[PDB]
Amino acid sequence: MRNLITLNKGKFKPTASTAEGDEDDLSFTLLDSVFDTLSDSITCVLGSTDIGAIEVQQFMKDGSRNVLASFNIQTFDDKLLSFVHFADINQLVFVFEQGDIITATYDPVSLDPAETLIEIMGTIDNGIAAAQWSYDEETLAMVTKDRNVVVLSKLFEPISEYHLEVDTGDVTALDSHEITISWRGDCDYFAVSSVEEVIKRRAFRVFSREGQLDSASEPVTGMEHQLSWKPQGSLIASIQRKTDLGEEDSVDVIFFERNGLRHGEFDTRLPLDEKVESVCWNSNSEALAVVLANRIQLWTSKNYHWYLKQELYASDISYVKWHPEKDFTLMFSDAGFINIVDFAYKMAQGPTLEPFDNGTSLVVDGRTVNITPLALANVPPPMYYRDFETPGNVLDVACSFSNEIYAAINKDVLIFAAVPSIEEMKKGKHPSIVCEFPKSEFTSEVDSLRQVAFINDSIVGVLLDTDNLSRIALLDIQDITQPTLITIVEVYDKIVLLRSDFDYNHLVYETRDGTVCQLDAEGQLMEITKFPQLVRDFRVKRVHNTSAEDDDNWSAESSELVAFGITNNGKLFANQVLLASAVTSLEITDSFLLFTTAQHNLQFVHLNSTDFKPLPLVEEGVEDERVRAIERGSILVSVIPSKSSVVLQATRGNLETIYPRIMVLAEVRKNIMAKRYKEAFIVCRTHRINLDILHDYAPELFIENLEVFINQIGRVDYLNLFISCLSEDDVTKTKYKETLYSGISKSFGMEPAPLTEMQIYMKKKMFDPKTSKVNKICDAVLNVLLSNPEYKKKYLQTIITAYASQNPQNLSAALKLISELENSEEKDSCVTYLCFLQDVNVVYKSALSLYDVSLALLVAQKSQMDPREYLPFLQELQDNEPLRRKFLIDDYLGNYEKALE
Amino acid sequence: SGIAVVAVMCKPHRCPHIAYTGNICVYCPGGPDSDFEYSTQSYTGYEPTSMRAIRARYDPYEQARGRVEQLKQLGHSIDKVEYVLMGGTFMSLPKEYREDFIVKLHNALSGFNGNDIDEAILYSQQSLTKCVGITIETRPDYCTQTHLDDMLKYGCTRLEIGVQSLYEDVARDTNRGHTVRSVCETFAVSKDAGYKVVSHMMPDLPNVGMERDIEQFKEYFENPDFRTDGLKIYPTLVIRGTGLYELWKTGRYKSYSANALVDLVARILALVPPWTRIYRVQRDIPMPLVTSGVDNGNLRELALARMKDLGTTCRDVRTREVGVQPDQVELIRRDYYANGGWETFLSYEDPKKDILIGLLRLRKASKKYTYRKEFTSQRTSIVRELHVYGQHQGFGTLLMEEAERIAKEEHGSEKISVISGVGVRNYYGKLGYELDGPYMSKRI
Ligand SMILES: C[C@H]1O[C@@H](n2cnc3c(N)ncnc32)[C@H](O)[C@@H]1O
Ligand code: SF4
């Protein structure tokens, strides 16, 4: 349920230095370009085809430039196939169609040209068709033009050599006959696509690092020649243009596995008269990019469903390469302009205030914008909830503050969508398209569209981008249909992110330098801060300082804008403080900061202060209030504070809405100081917190307003749950430590040691006088419902638990009021409840002690005793005189002095 | 306490795919067309369940009654028993034999003496030694609309399908008799009928190598087609008179060494999501019978020890219960999409000690499926099991309080329906539910 966005796009034309040093170069066509992992630079080659001339130039990311080699070749008209740079043995290599392995060597300290050697290091008889290096840069896999595949080493000495042999699938009428080579992510395997006739058929063969045939493919029809390999271990990801008439007449993307079998498909929603020229996997996984003639679109997949999260536009694509080390950055070449573009994730969502909460997530699936408000319907990532269709290919989305207005941009058009109300949204209405505001009224043809935002559902901010600079546009969407323009504010840098702040009352952005500025509804730029490094995801709000007793120690209240972001490698910053150093996701809330740690935890930071210090390190026994364990990489998606609930998403693709302890307590403590006691009690039972928060947080407000607690808790089966399950220690100082008014750099208080055998007796070494917490409130419960005549009618059963839960164990007063119950059989229904929470012979000896023998009979029948023992003993006690009985009854029990009286 | 597991075997018969294929499965041992004397299919006759069956001569009233009272001569003090059927292809038997079989399964608990299937389950509802479910294993081509509602009349709640492979070539070359795209379609009609679907998987089959085993099981939980509620891991054993014994004879099939196999199942359990359980890691075959394959009978603990020094904890719902006191518990839920519907998994957890208290399953009834008459007149939602271990008592009524509030609001349903077994039909009648056919439902 996560999208893709464009961070930066910077184009430039690599021109080749003429010997006369002027303008008007003849052609100098751009051939190829690679990356450099050891220099943070880009190595590109230039050349000509009429004259056998070449050029190579290194571009460091500071404006500098070097020229590494410039010589001339024989065999004039040809083309280049592969080019790689080792950058440790400072050697350049070349592979041509004419079978040349021309190499070059430079020196790292004197960057002048023409001090380079040129050897040949091998010549292939009768041409080379394809060539490719390995990811370990150890092995070539070039295919000769005479239908023969060879394998070399780094020192260019041959390893082995294999000549090949030759319902059945057809070949479509759109393909050309070239050869493509693709490696396994961990090498020792590669694959070679080729054409045979037996009818003409395109297939491929899988080889080892040595020249050994392993497997061949299935004959599927119309293999368009595009070939690749998922570097995780499977999924060759071919095309299979389907030329069958009917409904099944689309163009797909089909997958394979290394034994040559068929496994998996998905549909690419394209017209049929369009040429697919390339397909590329990124460095690790989770991003597939197919290359058209003038257009590049990226495909991702989660639960076996593919998405079209992003799409790039250009004029003429020739080659597309991903980055080896870092992911989500790639380059291409459009009419001679090498342009770097880099990507990141984003979760376009709504507000987080406790009103207008309705936590709404907005994802992109090609030509549609899928919606899921997780406070109304908890829809898993495969299905969605009341989507809406568009005449476009949505690149980025944003919603308003009432989240009834939906914006989604395309190429050369900007499209609004609206909802009448949030409760009639729930009845079944999809969002209706309202107006299609084109890209001709607020800018020229030369600008592009990247991002969009809102502010208090009245102005729409739109991130434009020029080739040199970048500016944002403000709009007026009161009277949503027929919108009008507000002035085109401009800033003299290149914007990376654009986002509305928390409360949606301003907009914030970020340049390449890390400078975060703030923009109001009429275009007044206000700088906030500058991060130490480039952050790829940040949030902005205005925190407030609040002391303990809410206007205490009151002098000169203040506030300060704080920015909360995580950079690429995982440093969480907050105005250059470096909170943590392995964070991978975040989402802010009112009164809380939330982030995951990649040590498989989910920890909280309060937002009532303004000082920020680095965090205490978490260790394996933390148990404070602010750490909960996470499985193997579940990240944030949204926070719903009005339900006190946090939604996550795991790696395999499910959802998981944990209910964290820090916010469930944060609402029950709000209700018991608001004197509610019923909305507080229900949350105490469904989440299974220790049930005596109602006393152990306001210990003097409870007893003072206890008659309200009995009237509001109107049920008998809950009051018997309150009194029975009471501890003897204080839960506020042991488990629920209320870490709010407690600072930031306070160490996480570990769990107590296990109370072993000598500590058990030294816990109850001090028994319980008339000062314990149990006997205080159990008396106080009896203080009210032993006064009115009607309170001991309905709540007569909880009186039995109120006595029998004490440390003096006042069973003699519980068994006294049972004997006065004369109306019905409720002596049976009460003694069967008193003998459950106490041993029965303990009740039997106590019922025997208050000198009424008919009560002791009913207790003994519940006692699994032999009826020949007690019943004869009860018969001798019945017929005597009363004073004769009170001596006989005390010899049995041990009350010898009381017997003697 | 707990649940008593009484295993019975039906009459020794022939699978029904021997006719049009020419023979049974390549790896299957035993059966009538074998050398084991009087043994059910996929058994050898030397198993402790398969030795009680031969002495009973497969009489269902006498096989079950001797097993039940044996377990209370040891002194388990049984009052809740869950039957499981095994051996053969029970739903391939004739119709007048299958219904009379299930009737005498119920009469061994109630004491009623009769032959009507519609009346024996009514006497069995007010039984005191009660049945909480019947597990019946079958093939994926025997879960049509004619067979799924016969199991509802029998009292069946959980059913098991042998999948054993997710590739198309393996189900063809082992003469399995169906396709893998057919079993992912019959999972959808089974889960929308309300069954706990458990599948069987078999590593080390022929022509599936070492690396293909780990992308087989990674797909099984990432793909929303399968994502079932249980597994039984059954590694391939070479037996004497089987079909793959000749492949072992001529040297065209060799098995795994017992250091790479325990490394494999230490990685398979690492990917197990917290809503499914692993019933078995191997099956009860006495090792003198087996020629190649698994050496010992302790692969469960050797797999848990091998992932101790990898840092990875198996988060399995069979492992993560009380079997250590909670002292506290939280309420979490999980939401995944499985083969046409929105599954949810409510549970009570401790994230520190990694222990479970109770669980529950619930499903939105889809629209492409759900042929049942009771689930068509209005939009309904199906609760599929409730399972509470062991105050520590009110965990049942909390999971039913929350699954009903989430059905009216978030599902938008007018009726909730339970697939409770026959002996536990009275636990739901106190909570306001009413019986309508096989289900124990209520208008919302
Ligand atoms: C009836 C059940 O027995 C299992 N089964 C069948 N043959 C074998 C074997 N050789 N090894 C292990 N399990 C087997 C099937 O996978 C099915 O689930
Ligand atoms: S596997 Fe299942 S089906 Fe195939 S033979 Fe053995 S038992 Fe019969």
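Residues numbered from 1 in each chain as written, not as in the entry; some residues may be left out. Chains lettered and ligands numbered in written order. Part of a larger assembly, values for the part shown. Heavy atoms only, no water.

For this entry, the PDB record names cryo-EM as the structure determination method and reports a resolution of 3.3 Å.

1. Details of the environment of B:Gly114
Residues and elements named next belong to chain B. The condition that has to hold: Strands are runs of DSSP state E lasting at least 2 residues, helices are runs of H or I lasting at least 4, and numbering of each runs from the N terminus. Only heavy atoms matter for contacts: two residues are in contact if any of them lie within 4.5 Å across the pair.
Following the sequence through the fold, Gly114 ends up in the loop between α4 (95-110) and α5 (117-123). Separated by 133 residues in sequence, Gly114 and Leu247 place their C-alpha atoms 50 Å apart. Those residues within four positions of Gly114 in sequence are excluded, and the remaining contacts are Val103 and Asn107.

2. Thoughts on the site of ligand 2
For the record, the criterion: Note on terminology: near, applied to a residue and a molecule or strand, indicates that one of the residue's heavy atoms is within 4 Å of it. For this scheme, ten residues count as nonpolar: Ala, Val, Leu, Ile, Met, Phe, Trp, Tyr, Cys and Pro. Four count as charged, namely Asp, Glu, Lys and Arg, and the remainder, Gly too, count as polar.
For ligand 2, the full set of nearby residues is B:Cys15, B:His17, B:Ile24, B:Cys25, B:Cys28, B:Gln41 and B:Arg176. Of the residues belonging to the shell around ligand 2, the class tally is four nonpolar, two polar and one charged.

3. Description of unusual backbone geometry
Under the convention used in this document: Summary of the burial criterion: residues with accessible area below 20% of their type's maximum are buried, those above 50% are exposed, and those between are partly exposed, where the area comes from a 1.4 Å probe applied to protein chains only.
A positive phi angle, close to 90°, is found at A:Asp188, a residue other than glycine. Counting through the fold element by element, A:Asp188 comes out in the loop between β14 (181-183) and β15 (189-197). Here B:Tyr58, not a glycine, exhibits a phi torsion of approximately 60°, which is positive. On the secondary structure map, B:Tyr58 appears in the loop between α2 (48-56) and α3 (60-70). Owing to a relative accessible area of 5%, B:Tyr58 belongs among the buried residues under this scheme.

4. So, the side chain of A:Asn339
Note on placement: A:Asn339 falls in strand β26 (residues 337-346). Discounting chain neighbours no more than four positions away, the residues touching A:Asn339 are A:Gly10, A:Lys11, A:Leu330, A:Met331, A:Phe332 and A:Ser333.

5. Things to note about the site of ligand 1
Residue and element names in this part refer to chain B. Quick reminder of the rule: Polar contacts here mean pairs of N or O atoms no more than 3.5 Å apart (in protein, one a potential hydrogen donor and the other a potential acceptor; neighbouring residues in sequence count only if both atoms are side-chain atoms). Working definition of accessibility: Shrake-Rupley area with a 1.4 Å probe, residue cover restricted to the visible protein chains.
By nearness alone, every residue bordering ligand 1 is listed as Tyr27, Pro29, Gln164, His200, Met202, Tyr234, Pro235, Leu237 and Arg283. Here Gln164 contributes a side-chain N or O atom positioned 2.3 Å from an oxygen atom of ligand 1. Between ligand 1 and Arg283, the relevant distance is 2.9 Å, taken from an oxygen atom to a side-chain nitrogen or oxygen of the residue. Across the complex, the protein chains shield 89% of the 400 Å² of accessible surface that ligand 1 would expose by itself. Along the lines of polarity and charge, the residues of the shell around ligand 1 split into six nonpolar, two polar and one charged.

6. Topic: the state of the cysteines
Linking two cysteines covalently through their sulfur atoms gives a disulfide. Here is the rule we go by: By convention in this document, the label disulfide applies to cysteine sulfur atom pairs within 2.5 Å.
With the rule as written, the count across this model stands at zero disulfides over all chains. We note that A:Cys280 lacks a disulfide partner, and the nearest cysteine sulfur, in A:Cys187, lies 16 Å from it.

7. Some thoughts on the UniProt feature "binding site: [4Fe-4S] cluster" in chain B
Residue and element names in this part refer to chain B. Counted only if it meets this: UniProt positions are given in the numbering used here, feature names are shortened, and annotations may be inferred rather than shown by experiment.
Those residues carrying the UniProt feature "binding site: [4Fe-4S] cluster" are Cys15, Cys25 and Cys28 in this numbering. Tracing the sequence through the fold places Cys15 in the loop between β1 (4-9) and α1 (18-21). Of the residues examined, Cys15 reaches a relative accessible area of 13% and is grouped as buried. Contact partners of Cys15, with chain neighbours within four places excluded, come to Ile24, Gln41 and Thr89. With respect to the helices, strands and loops of the structure, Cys28 is situated in the loop between α1 and α2. Not counting the four nearest positions on each side in its chain, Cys28 is found in contact with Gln41, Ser42 and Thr242.

8. Details of the nonpolar core
Which entries qualify depends on this criterion: To qualify as a nonpolar core, a set must consist of buried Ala, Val, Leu, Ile, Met, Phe, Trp, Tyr and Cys residues joined through side-chain atoms within 4.5 Å.
Counting residues in hydrophobic clusters, the biggest one holds 77 residues, and the most contacted among them are B:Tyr83, B:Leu85, B:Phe90, B:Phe101 and B:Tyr195. A:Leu706, A:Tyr718, A:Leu719 and A:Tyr791 belong to the second-largest nonpolar core, a separate cluster that totals 59 residues.

9. Notes on the interface of chain B and chain A
Counted only if it meets this: Simply put, the buried area is the total loss of 1.4 Å probe accessible area from both parts when two parts are fitted together. A pair is scored as a salt bridge if a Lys or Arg side-chain nitrogen falls within 4 Å of a carboxyl oxygen belonging to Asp or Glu. Here, a strand pair is defined by DSSP locating no fewer than two bridges between the strands.
With 39 residues of chain B in contact, the opposing surface of chain A contributes 33 residues. When chain B packs against chain A, close to 3300 Å² is buried across both sides, 53% of that on carbon and sulfur atoms. Taken together, the links from chain B to chain A amount to five salt bridges. For the salt bridge of B:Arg212 with A:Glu257, the shortest nitrogen-to-oxygen distance reads 3.8 Å. Our count for the contact surface shared by chain B and chain A stands at eight residue pairs in polar contact. Contributing elements (two or more residues each) for the side of chain B that touches chain A: α9 (212-222), β8 (330-338), β9 (341-350) and α13 (395-411) of chain B. A per-class count over the side of chain B that touches chain A returns 17 nonpolar, seven polar and 15 charged. Where strand β53 (residues 655-658) of chain A and β8(B) come together, three bridges link them in antiparallel fashion. Note on β8(B): the bridge partner recorded for A:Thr657 is B:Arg333.

10. Brief notes about the packing of α9(B) against helix α11 (residues 260-268) of chain B
What describes two packed helices is the angle between their axes and the distance between those same axes. Residue and element names in this part refer to chain B. Put simply, the test is: The axes are straight lines fitted to the C-alpha atoms, using for helices just the contacting stretch, and the angles between their N-to-C directions are given from 0 to 180°. Roughly parallel here means an angle under 35 degrees, roughly antiparallel means over 145, roughly perpendicular means 65 to 115, and every remaining angle is called oblique. The handedness criterion is simple: a crossing whose near helix is rotated anticlockwise from the far helix by less than a right angle is left-handed, and one whose near helix is rotated clockwise is right-handed.
Look at α9 against α11: their axes get within 10 Å of each other, and the N-to-C directions meet at 20°. As summarised for this structure, α9 and α11 are arranged roughly parallel, according to the angle between their axes. Considering how the two elements wind past one another, α9 and α11 form a crossing that is right-handed. Note on element contacts: α11 touches α9 through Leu264, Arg267 and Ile268, opposite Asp213, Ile214 and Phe217.

11. Quick look at the sheet that holds strand β20 (residues 278-281) of chain A
Residue and element names in this part refer to chain A. Strand order in the open sheet made by the four strands is β20-β21-β22-β23, with antiparallel pairing throughout. Each having just a single partner strand, β20 and β23 (306-313) make up the two edges of the open sheet. Geometrically, the sheet is characterised by an average inter-axis angle of 20° between neighbouring strands, direction not taken into account. In the sheet, strand β21 (residues 288-291) pairs with strand β22 (residues 295-301) via four bridges, with the strands oriented antiparallel. By the bridge assignment, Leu288 is partnered in β22 with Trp299.

12. With respect to a nonpolar patch on the surface
All names here are of chain A. For clarity, the threshold we go by: Patches here: salt-bridge-free residues with over 30% relative accessible area, like charges joined within 9 Å, nonpolar side chains (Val, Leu, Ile, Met, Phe, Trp, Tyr) joined within 5 Å.
The grouping of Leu755, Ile760 and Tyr761 at the surface amounts to a nonpolar patch, some 350 Å² of accessible area in total. Here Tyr761 shows up in helix α8 (residues 757-761). Take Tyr761: its relative accessible area is 60%, and that puts it in the exposed class.

13. Some details on the pairing of β26(A)
Residues and elements named next belong to chain A. The element β26 is extensively covered by neighbouring structure, given that seven of its ten residues are classed as buried. Two elements, strand β1 (residues 3-12) and β26, share nine bridges in a ladder whose sense is antiparallel. The residue bridging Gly10 from the neighbouring strand is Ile340, located in β26. Direction of pairing for strand β25 (residues 329-334) relative to β26: antiparallel, over a ladder of six bridges. If you follow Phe332 over to β26, its bridge partner there is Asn339.

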